[PDB]
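The chain below stands alone and is given in structure tokens; this is the form deposited without the ligand.
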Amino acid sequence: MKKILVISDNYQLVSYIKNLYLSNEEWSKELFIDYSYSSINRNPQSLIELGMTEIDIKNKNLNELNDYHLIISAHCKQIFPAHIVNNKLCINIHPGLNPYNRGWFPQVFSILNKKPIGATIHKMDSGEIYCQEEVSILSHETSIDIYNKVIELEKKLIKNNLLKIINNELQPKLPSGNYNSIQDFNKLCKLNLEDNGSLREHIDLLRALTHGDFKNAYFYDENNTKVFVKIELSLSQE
């Protein structure tokens, strides 16, 4: 039997792991799993509901982590310190296709730059890839659409690979890239009405920056009023 820690701020992926544990006897016989959300999460209520304790991974002492065979990061909002990843086997469930558009919001960047998008489970380092797979971007899709395919794919990757990774039955491999910063994200959000480009470029920018009800793209008008912008695309008219 192994003890495992999952550090996640993502309701869907945590629920999914929890549901696999409950529906798969192979998990329940082999594992004790503790689940924690990040101390920086501003809205953890639904994770609390789900069955999770707060952890602060930046200040957690290695001394309190000795029982864990490994730690899984599934969209943990805090970066793990170097000392955690060098002293504990840490595996990341990552919503991008390493090594393309590493960093922030891989699907936003892939919409714009056409590099592959997908999901990757890999070892953390200051990492080697156990499994990954690509998803497609279709012409009518926004950031939220692609992210939703990505989450779907992560669940598939978990379901088919995670127990094996935990049991050492799947060995990783160093990536054959590029990285995008939060500041790169924020530069994109600040639209320039005077930008000359193709309608295609400008629709892609709006679609990259459309993600649910929270708008990101904005301009300032003539009067310095802030106006947020999003786009809707559909294969139906109505």
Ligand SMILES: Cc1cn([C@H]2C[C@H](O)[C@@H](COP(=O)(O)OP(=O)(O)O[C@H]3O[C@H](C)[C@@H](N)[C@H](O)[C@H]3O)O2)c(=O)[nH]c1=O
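For every residue, the number given is its place in the sequence shown, counted from 1.
As for the form deposited with the ligand bound, it is not shown, yet the points below apply to it.
Remark: open binding site. Placing the ligand in the entry with it bound onto this structure by local C-alpha superposition gives no atom within 2.4 Å of a backbone or C-beta atom. Look at 157-165, 112-120, 74-82, 130-138: in the entry with it bound, residues with non-hydrogen atoms within 4.5 angstroms of the ligand sit in 74-82. Proximity to the ligand in the entry with it bound, taken as a non-hydrogen atom within 4.5 angstroms, holds for one residue of 27, 68, 185, 35, which is 185. Residue contact with the ligand in the entry with it bound: residue 15 places no heavy atom within 4.5 Å of it. Although the partner is absent here, residue 60 sits far enough away that none of its heavy atoms falls within 4.5 Å of the ligand in the entry with it bound. Residue contact check for residue 107: one or more of its heavy atoms lie within 4.5 Å of the ligand in the entry with it bound. Residues 211, 214, 216 are the ones in 209-223 with at least one heavy atom within 4.5 Å of the ligand in the entry with it bound, listed in sequence order.
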